[PDB]
Structure formats: C-alpha cells, structure tokens
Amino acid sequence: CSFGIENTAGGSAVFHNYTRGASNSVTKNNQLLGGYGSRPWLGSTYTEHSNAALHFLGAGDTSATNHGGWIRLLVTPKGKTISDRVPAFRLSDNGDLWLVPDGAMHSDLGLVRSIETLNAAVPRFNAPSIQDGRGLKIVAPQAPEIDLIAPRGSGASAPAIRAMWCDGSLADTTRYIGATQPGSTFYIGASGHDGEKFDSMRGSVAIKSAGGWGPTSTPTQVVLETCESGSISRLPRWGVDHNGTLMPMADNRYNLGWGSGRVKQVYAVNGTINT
C-alpha cells in the first residue's frame, strides 16, 4: 500500500532526484534530471517505460551561472502504446506553459520548450522569440482552441476574456501599482507565416485606453485593424471611440459599403450627410 516520508520536527519532507553527466561531468541541456511515472500491468509484465509521468529536464548545460531546469508531463492516449506517449504539458525554464496535445508535434520535438528551441528544431518556423516568457502557448493541428464552459446554474452564463491593465510592476520590491496608462491595449488578432516568418498581427480587434485613467474617468475605445493586399502594414480602419462615435480611423480614406455590397438602407436623424 503506502510509502511515506515524515519530518516530525516540522521541517519539510521532500524527494530529490540526483543525476550527473557522463564521467562526473556537469549535467546537460535536456538531460532527464529526474522523473516519476506510472507503469501499468499488461497481464504478466509492466510496460517498459511509464505511460504517464512527470519529468524534470535541464535547460542548458549546468554550470556555476546556469542551474537551468524545466518540467513536462507525459500522457498516453487511449488505444496507443507508450511508443506514442505525448509530452503534452511543458513548463518552460522561462516559465511559459506550452500545451501540445496528441497530433500536434512529432515526438522528435518532445524537448521543444520555447519558441527559441522550436525555431532551432524547425528552421523554417521563424517565430518571434521575443514572445517567449509571455504565458500560454497552445499548439494543435489546425484548430488550437480554448473552450469556456459556462453553466448558468442560478445566475447568468458570462464566460469572459478579461485584460487587466495597470501601471507599475510586481517584479520588484517597491511593488507600486497605479492607474491604467495611455497606450494601454488589449489586442485579439492573428499573426501568421508569410512564407519566410511569423511577425506582428495583421488583423485584429483591440480594446484601448483612450486616456489615462482616474477613479471617475476610464475612457476606452474599440478598434478594428486589417492589412491591405499588397501591404504588410496592419492599420486601424474603423473604431468605436470613447464617446461612442463609430468612425473611420483616418479622414477621407475608407468607404462604407461598395458597389456590389451596398447597405440596404441608412437611418440617421439628420437626413443630410455632413461633409
């Protein structure tokens, strides 16, 4: 049944995996520094390796200036053998969470942990490594997806994606937090490979501060951005301003409607267009 560690003076009771390089050399980048793992029973044996596991791995060859390490969790899909086990959860040394379900990456890329390393293993990728350390990366064939499942019970189904702007920083000892600043933005939009590389988003919805905030003024706008055919510049086209004006984001430039997609009728209180 059970197997314990105890610490009766109320110190902590911890388990450690120790591991070296070949010939007492320093441990290596992506070397498996330790692991915990179910092996299940086939009938008369156990599986050769674990079918579900927590792995600790090195990030960089270890040294006096690098104790780099990262984590991953491995699962095995119903109806496959541990040959096709999947390191689906990767907690990068930088702290990003990569989520890589079955189908998404070949097991030769099992040790990919960052955009930097993905760029290395797949030289045609070329995604912006400045995006490393920014949080959650999901990789799935075709249709990577977030599902927000929202039973009413007794109130309201209100799933939400909520950006939270503030001034200041939680990274230092000071820990000033302060009022939302101008040029605060919340972009939802699409980057993509142009055949050379990924770069900046080229179509977006953005929610922006339109102003610095204080406790009785919190202006926002909502802006829609596209990129023109033959361009690589994402441009604001239409926004809703803080006063609720729907507008083009530049004067004398963008139509409403076109010849083969005309508005059916316009309702405005003033019957005269103001030019």
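Quick note: we count residues from 1 along the sequence shown, nothing fancier.
J.: Which of the two stretches, 38-46 or 208-216, shows the higher mean Cα temperature factor in the record?
T.: Going by the record's values, the stretch with the higher mean is 38-46.
J.: Taking only the CA atoms, which stretch has the higher mean B-factor in the record, 47-55 or 238-246?
T.: Looking at the record's C-alpha B-factors, the answer is 47-55.
J.: Between 200, 184, 173, 169, where does the Cα B-factor run highest in the record?
T.: Across 200, 184, 173, 169, the entry lists the biggest C-alpha B-factor for 173.
J.: Could you tell me which one of 87, 77, 153, 195 shows the highest CA temperature factor in the PDB record?
T.: The record points to 153.
J.: Can you tell me whether residue 225 has a C-alpha B-factor in the lowest, middle or highest third compared with the other modelled residues of the same chain?
T.: Bottom third by C-alpha B-factor.
J.: What third of its chain, lowest, middle or highest, does the C-alpha temperature factor of residue 116 fall into?
T.: It belongs to the highest third of the chain when residues are ordered by C-alpha B-factor.
J.: Consider only the C-alpha atoms of the modelled residues in this chain, order them by B-factor as the entry records it, and name the third containing residue 15: lowest, middle or highest.
T.: Its C-alpha B-factor, which the entry lists for residue 15, ranks in the highest third among residues of this chain.
J.: Give the position of residue 29 by CA B-factor within its chain, expressed as the lowest, middle or highest third.
T.: Answer is middle: the recorded C-alpha B-factor places it there.
J.: Could you tell me which third, lowest, middle or highest, the C-alpha B-factor of residue 231 occupies within its chain?
T.: Lowest third - that is where residue 231 ends up once the chain's C-alpha B-factors are sorted.
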